[PDB]
Each structure stands twice: as structure tokens, then as C-alpha cells.
Amino acid sequence: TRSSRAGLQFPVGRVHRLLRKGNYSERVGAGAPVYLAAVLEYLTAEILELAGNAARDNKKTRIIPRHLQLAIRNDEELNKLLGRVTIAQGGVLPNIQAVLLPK
Amino acid sequence: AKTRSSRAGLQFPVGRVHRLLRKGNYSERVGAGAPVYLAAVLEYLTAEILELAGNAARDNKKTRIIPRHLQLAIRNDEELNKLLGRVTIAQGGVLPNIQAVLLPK
Amino acid sequence: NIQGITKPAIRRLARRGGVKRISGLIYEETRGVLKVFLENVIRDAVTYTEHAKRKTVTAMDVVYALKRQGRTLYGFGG
Amino acid sequence: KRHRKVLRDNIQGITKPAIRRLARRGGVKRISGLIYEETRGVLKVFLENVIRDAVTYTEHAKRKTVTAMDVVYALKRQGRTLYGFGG
Amino acid sequence: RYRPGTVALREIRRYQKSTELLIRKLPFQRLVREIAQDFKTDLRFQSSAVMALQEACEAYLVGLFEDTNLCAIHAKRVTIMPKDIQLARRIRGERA
Amino acid sequence: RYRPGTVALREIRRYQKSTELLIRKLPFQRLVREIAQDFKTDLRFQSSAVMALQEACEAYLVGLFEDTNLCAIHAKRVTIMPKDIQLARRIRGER
Amino acid sequence: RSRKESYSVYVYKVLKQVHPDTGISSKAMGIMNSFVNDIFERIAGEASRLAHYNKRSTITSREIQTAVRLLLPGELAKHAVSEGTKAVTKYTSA
Amino acid sequence: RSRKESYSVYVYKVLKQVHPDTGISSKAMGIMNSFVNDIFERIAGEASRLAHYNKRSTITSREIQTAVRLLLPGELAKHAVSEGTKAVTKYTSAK
DNA sequence: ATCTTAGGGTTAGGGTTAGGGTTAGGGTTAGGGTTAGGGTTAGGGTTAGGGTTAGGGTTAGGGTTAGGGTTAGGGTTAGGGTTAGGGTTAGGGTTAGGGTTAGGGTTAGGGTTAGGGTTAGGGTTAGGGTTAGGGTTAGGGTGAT
DNA sequence: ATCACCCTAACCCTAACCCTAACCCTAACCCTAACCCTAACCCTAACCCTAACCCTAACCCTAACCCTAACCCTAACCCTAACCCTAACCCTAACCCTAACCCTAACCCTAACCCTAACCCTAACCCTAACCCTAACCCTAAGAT
Ligand SMILES: [Mn+2]
Ligand SMILES: [Mn+2]
Ligand SMILES: [Mn+2]
Ligand SMILES: [Mn+2]
């Protein structure tokens, strides 16, 4: 498989097919699906990492959408990247304004 | 009528639009009436803009429409403003508006 | 049915947003703003359904409409 | 043929009267004194974000000259679509 | 008997630290079908499509409440008013 | 001697009713080359590319002033303050 | 040298129809050219997606029309969908 | 019925590498699938434009490269450009 | 409330820059021949929707109490408006020069074209861990002596 | 603070249901293959951007008086918060009906591709009219008498 040739879990062959099928350009380079599957695999791992940590904190083993939201909004970069995105069943980060605290 | 634009009653280039649709990587194939429909939608919108702009140019005693007239036409129409809401017309300036509380008592 | 979105249901959504005090006029203004949002999303969702020559508005049509509105939704098979 | 002069502190070139004029177009009557620095901060951020992408386009095109198109493509990426300079 | 603005602070934590929906599924489904009928009649809705719409709405409104609250606090207040929702949606590019 | 307000209100009309740029072309061109230098050195700028950047900047800042002014008026004021520019940027999704 | 494409010939033609005495700045023509190009790719790209969503390999006037209904505001879309269906209808006849 | 494609096989594999003593909800897997699809399109579409702007008819890893630099935030882009150039380098070695 | 005074709005024709009319020319759209694959009919499987029954009990809703936030109004500094003048560099049209983009010529390898081969992953089934749900508990502040 | 008051998190109980481990076969990816052209290389042109000279009066900056918007306390008012208990209605739990979606089978016709073709339209050139600029021109309304 091309994924094993590149040291990847993400499907290099599938990404290459989606690039020509999706009407992005006339031709698709040999290393473009390899580079892309790796960038997608990196980002999924970067998310899964912080999400498993949030699941660990909440005494759970299985990451639910709340853990994904907590991981995203607690990062600065993942939040900026997914700034105009809504995680269904994610809820909000717990934050109460300082002026709305007891006197 | 030998050009496709003349066959459709258009000024906008039906042949050019058909070429840009293929040459722009939007889909595998381009229907026969898609460039015709599109050139007409673009021609309609340009006429709708040009109309309100010529009016703003005539209000300003000018013969020629400058980018100020285009901006004045866009922001004074409700739909053109919504359509070009996150667009900047270079050399367009702003609509003259002063909030009521900033006015002399 | 816009009144089905009750005053206590609106108050719960204000609490999640970190709202301490909620004016009485708010409960009506929220109903207005929610109706506008729903109209704009469903209108596009239906335009997708109608283009697909279907009578049933699918989860995908609601997803495509949300993305068009710039309120991209994750988790609905998009 | 031999040297480029050092570019330094040009955010102060965006003077207090130049900032005043931009406030007038926005319909601003009174302008705080702290504003002139806050505006300089915000303008610097805007310019960094636009030029950064403009240069990423220039560098991709294997060019040393940042074209009007690169600045246009960068503005469109930022959602501040500019009319008039091509495209 | 709790002081004015103390059950409110307990509720905020109760809901922020939760993810369940805050509008009942049936009144919402009625509103969705009412609105859709006003665009096209003889319409069916996938169970999922309705939930996709509900999630979208609440997430929007909560985010709107966040900005609204920031506007109330900006004008030395603690209570959200229509003038705040309007300023939030105006600067958000929803209203002129 | 005009009262405090009379020249400000005259200036607003003078500029709103106009389209010319409000930052001088040379100080702005230095700022652009300084900033760009700090991303990549040995950079040339098309005359037009700089004007495209200047137009973009002023249009942005004027629009930012509009929202900022609406924030000062919201908190019963007439003068724009950093807390207003910050709230206008917070709500705009710039943070 | 290289040749530079433009919609100036048609923006001029359409201007004369609407305001036969009114003229146009070189900068204003640039703004009009940017407008035509922006709206071209807004509609084309939306039609490209509609075809993709419905597993269709072609962009037909049916995709252009629903893209117009999605992108333009209420009364502008109505008149554009009208002006468009008319040009297509006329094209099919001749 | 029809075939439903998914990145679940790979989201599972990658989860097992970072947290082997951690699992994933059916809803959370849908959120992860939506994330992969969104970012796929974001990068692919940006590369499609770069290819076009430079009158080229091919999306190569150089187009993916600059799309990542444009779309991903500061450090995330640094690490993605790294892991990407890494995987390409490794792929070229092994035929 | 009258009266001077400095503002833009205006007119003038000076007078320059620019747009639009104009030429010829270079490339693109159109023509009409062949081509095949998307799409469009057809029937007809079947999934998934809405319909309409039911039993509480969760939740919505009116109307009790005072709490303290919003608001008003007046008084307090002091902050940013406005004036002037002397610099102070921005802006004007210069001038040359070569780093830089790039026509346009040539070749090659990258990529698509085909298919038939294995092999990965969709679609299902199912047993069993993780979450769920209900209770009593320690834990930690809430409101008031 | 010091006192009772609530409540929500903390543990440990046992149960519902969905992860995720499982199998099987489908369809997708992969290694045979010729085959065409896009991109790479190399050139030079040729613009165009950079920096170089020149003068200047536009425009900035710096401090001066003080006009007045900002923000303080306080006091009046009622807006909405908390608390309650009657009661509507949302919620699973459950069933069938069959309209709507879509499988995939035949077959037509649309959109592709091709070269020569003429016709638009790009560009390079040229004059004259729009508009730009600075001369006074009265009108107007700012803001002290
Ligand atoms: Mn530097
Ligand atoms: Mn001061
Ligand atoms: Mn040279
Ligand atoms: Mn044909």
C-alpha cells in the first residue's frame, strides 16, 4: 500500500482518488496525496491527543463530543482553526464574567 | 445570428463564459444552457449596478461614473449592499452618516 | 409555534452564555432573532432538497445550508 | 549596488492627524488620547496578517516581487475582498 | 431564600458544564415544520435534519448570548437588553 | 474660536463626503516594507500592490471606527476608547 | 508580451443601454471587472458543489439557477432567475 | 442501498497510537469524520486555487504545502509542514 | 435675541489629463464531423417517514415577597477640543540601471490512459464493558446571629 | 468570623445499551502497460521597481487655554429575581401504512474532441471634452455683544 510506503495510517490511495474526483485540478501530483494524508493524520492525532486527556480528566475512557469541544476551545490554535465550526453536543467552556461574581 | 450571445439576446459573451466554466475546474462537463443562463445573470447584475451608478453620477453633476458612484449605488440599495457586504470598493469612500447623539443640542 | 420556545427555555440558553440578569423584553427579541435564523437556514436547506428533486429535507441539506450561512456543523455526517 | 538602509519603527509614520482623519470618516466626534496607540497596534496586526499571506503567495509563485494580485488573493483569504486592483 | 443573583450563578455553572439541549424537541419540531411549510408544502424532515437544525440554533443563540452579555457589561450593566442583542448582531454583520 | 464639537463635525462631513486616502503614501510604504522584511528579505513590491494594501487598511480601519463609535454610544459616550475598539474586535471575531 | 482579458466591451455596451449619456472611469471599470469576476466564481463554485452533491458530472443551467437562488438576495435573484431563463429559452429556439 | 465511505478505520488506528487505553463515542467519531472532511476540502480547495493562479494544471505537494501554510495557525502549520515533508521524503525512498 | 467672521458651496475659464473613438491585427469562438458515457427513462424493491393511539411526571406558569440594579440628576475634576507657528518630510517629476519577471524554444519524465490482480474496509452480528440511573453521603458554601 | 441552611458532588451501588471485536465478501486500490503533453530548463528581452538626484509648501507636531464630556455620589424607583403549587403537555414506548427514495436495467443524445475558420476584441495611438484647479464670489451660520 502507498500508506505503508509513507509511514502513514491515513489512506494515501483514497486521498489521491478524492483529489481528482473532487474537481480541484486537471492532474494530481504523486506526493500531493501523501503530503495531504499526513497533514490530515497529524491534525487528527493532535486533536485525539488533547481529547483523550480531557476524557482522562473527566474519569471516562471513551471520548465523547464534550471531550472534543473541551480540547478544541482550550487550545489557542485548534480554536482559531475551528473558529467558525460548531461541534454538535459539545456545550460551552465554563466561563463566568468577573463582574458577575459575588461582592 | 452566428455568435451564441446574439442567439440568446445577450451582450455578455456566452462563448467566453462557457470556456471559463471548463477552464476553471468546476465540473467534468458544462451544459449547453449553463453559460447562456450565467452570462444573462452576470449581464442582469451589471445592468442593475450600472443603472444605480449612472443615477448617482447624474446627481453629482458628472458625466462619468467613478468608483464613488459605484459605492454610493451599492450601499444605498438594500440587496446590492447585502450581496457585496463583505466586499471593499477601492476609492469608494463611506456613505455620509452622523449618529443622532453626536449632533449639536 | 414561535411561543413554544418558552421564557424558561430562553433563560436556560442565556445561562449557558454566562448571563446573570435577563430583561423581560429580551424573551421577545430572542424569539425574533431565532425565527430569522431558522428562516435563513431552512430556506437554503429546502433549496438544496428541491434541487435534488426530493420531498424529504435530509440531514445533509441542513448541513450544506449551515455551511453556506457560515455556521458549519460537525457530527451530522457532513 | 551595495546596501539597503535599516527599516525601523515606521508604525509611528501613521501619525495622530492621519488616525484622526480615519476616525472622521467612521463618524467619530471625540477621540481618546490612548486610541492613537491602540489603532497603531490593530493596524500592525492587520498588515502582518495580510502581508504574511501575500508573501506566501509570492513565495509560492517563485517570485521576489509581491504583486497587486498577491495582495488581492491575500485579502480574499482574510475575507476582506478588494475590488479594483485586478481579479 | 437566596439573594438576587445567586441561583442565577448556580444555573450558569449547571448549564455551562453540561451539553444537553435547552429547547424541548416537540415545540421546536413544530416551529421547524411551520417555517418550512412557508417555503414549500408537502415537506418531510429527516429525524437527524431536525436535530442538526436544533443543535445549530442553540449553539448560535448561546454564542449570541455571550456577545450580548459583553455588551451589557460594556454599558456598565449586568442585565441583557434588546439594545445589546441589536449591537451584537449589528457588529457581527447580521444587522447593517 | 469654534466650540469643542464644531470643527469635529465639520471634519466628519469633509471626509465622509470624500474618497482620497487619509495616510500619507510614503510613511505607509515604509511600514509595509518593514513588516514584509520581517517575513522574507530581498522583497520587491509592485506600486499597485502597495496601493491595494493601503486601500484595504483604511477601509478596514474606517469600518472599525464605525463599530467602535457604536460601542462608545452604547455606553452613553461620545468619545472612542480602547475598551470600545476591543469590544468591536471581540464581537467581530478577531479577539 | 501577454494578452489581458476583460469584460470592458460588455460593461460599456450595457452602460450605453441604461445611461446613453453617462461615461465610466478607468478605475470604475476595474471595480466593475472585479464585480463580474467575483460573482462569476461565486455562482460557478456553488453550481460546482450542487453537481458534486447530487453525484452529477455536469453543470447544467439547473445548477446555475439554484446557485443564483442561494447566492443572490430575494428580489435580485427573482429578476436574475427570470432574465436567465429567458436567455436560455431564446437560445434553444435559435 | 449504497456504500458509505468513512475515515473511522484511521481515526481508530491514530487514537490507538496516542492513547491506547482510550476509546471513542459514535457521536464523537462523527465529529472526527466531519473534521477530516472539512480540512480535506479546505486544503484541497486552496491548492486548487494556487495551481490555477500560477497557470499550472497539476496539484503537487508544493501546492498542498503552501495551502497548509495559509490555512493552519502558526505552530500547527509548522508541525504539519514538518510531518508532511517527512511522509513525502519517506515515500520517495521506498518504492 | 443683533452683529461680525470664517466656513464650503459656487462660479469662472484656465488648462491639463483622460477617456472614448479609431485604426489594424492576433487569437479565440464558431462550424460541423465523429465520438462515447453521463443521464435518463423504465419498473419496482424497501427504506423511512408521519400517524395515532397512552401514563404519568417533568416541566411550564401565574402570583407571592422584597432585593438591589437601573436610572436620574447634580457636581466634580480634567481631558481632548481648538488655536498658532516652525519646522519637517511628504510629494512632486525628474534621472539612470540592472535584478527580475518572463516570452518562447526544446526535451523528458511525470502523469493519465487501460485492466486484472489482490486486499482493504464497508456492512453486519453480537457478547460484555462502560456509562447510566438512584440513593445516601461528606463536602462547602449561603444567608443571616 | 459564628451560626443553621441547602445542595451538588462524591462514592458505591447494579442495569441498560452501544462500543468494538467479530466475520465475510465487495469493491476499491495497486502493479502490469503504452502514450501525450505539462512542466522543467534556458535563454534572452524588457519592463519596472529601486534609488538616485532636484526643490518646496503641504502637513505635522508641540505646547497653550479652557470648554465641557466623563464619571463620581446618591437617591428614587420598580424591574425582574426567588419561591411556590396548579396544571398543561412533552416524552418515551409502542404499533402499522405506504409514499418517497433510489436500485440499476436498457438506450438514447448530449457534451467532448478535432481542425480550419472568420470575427471579435486586445492593444497601441490620437484628440478634445470631461473635470481638475484656484481665482474671487456671495451665502451661511458659528458664537460673541
Ligand atoms: Mn526589520
Ligand atoms: Mn486634557
Ligand atoms: Mn540582466
Ligand atoms: Mn452536440
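Computed over heavy atoms, backbone and side chain alike; hydrogens, waters and symmetry mates excluded. Proteins get letters first, then strands, A, B, ... in listed order; numbering begins at 1 in each.
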Scan nucleotides 121-130 of chain I nucleotide by nucleotide, 5' to 3', and note B when protein non-hydrogen atoms come under 4.0 Å of the base, S if they reach only the sugar-phosphate, - if neither. SSSS-----S
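- For the P atoms, the distance from I/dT83 to I/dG7 is 8 Å, rounded to whole Å.
- In this view, F/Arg1 satisfies the side chain to side chain donor-acceptor pair (under 3.5 Å) rule with no residue, not counting sequence neighbours.
- Looking at residues two or more places apart in sequence or on another chain, you find a side chain to side chain contact (heavy atoms under 4.5 Å, CB included) between G/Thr92 and G/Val88.
- A gap of 35 Å separates the P atoms of I/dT112 and J/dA117, to the nearest Å.
- Shown here are the side chain to side chain donor-acceptor pair (under 3.5 Å) partners of B/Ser5, two or more places apart in sequence or in another chain: there are none.
- Pairing of I/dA18, defined by two Watson-Crick or G-U wobble distances under 3.5 Å, is not identified with any nucleotide.
- Legend: residues meeting side chain to side chain donor-acceptor pair (under 3.5 Å) with D/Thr65, ordered by chain and number and at least two apart, are absent.
- Partners of C/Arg54 under the side chain to side chain donor-acceptor pair (under 3.5 Å) rule, at least two apart in sequence or in another chain, are C/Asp61.
- The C1'-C2'-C3'-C4' torsion of J/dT32 is positive, so its sugar falls on the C3'-endo, or north, side.
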For each nucleotide in nucleotides 7-17 of chain J, reading 5' to 3', give B when a protein heavy atom comes within less than 4.0 Å of its base, S when such contact involves only the sugar-phosphate, and - otherwise. SS--S------
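- With sequence neighbours excluded, the residues forming a side chain to side chain contact (heavy atoms under 4.5 Å, CB included) with A/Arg17 are A/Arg14, A/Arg20, A/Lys21, H/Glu5, listed by chain and number.
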If you look only at distance, which donor and acceptor atoms sit under 3.5 Å apart when one is on a side chain in residues 3-13 of chain E and the other is two or more places apart or in another chain?
unit_1	atom_1	unit_2	atom_2	d
E/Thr6	OG1	E/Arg3	O	3.3
E/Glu11	OE1	C/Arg11	NH2	3.0
E/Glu11	OE1	C/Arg15	NE	3.2
E/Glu11	OE1	C/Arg15	NH2	3.2
E/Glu11	OE2	C/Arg11	NH2	2.7

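- With a negative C1'-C2'-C3'-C4' torsion, the sugar ring of I/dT70 falls in the south range.
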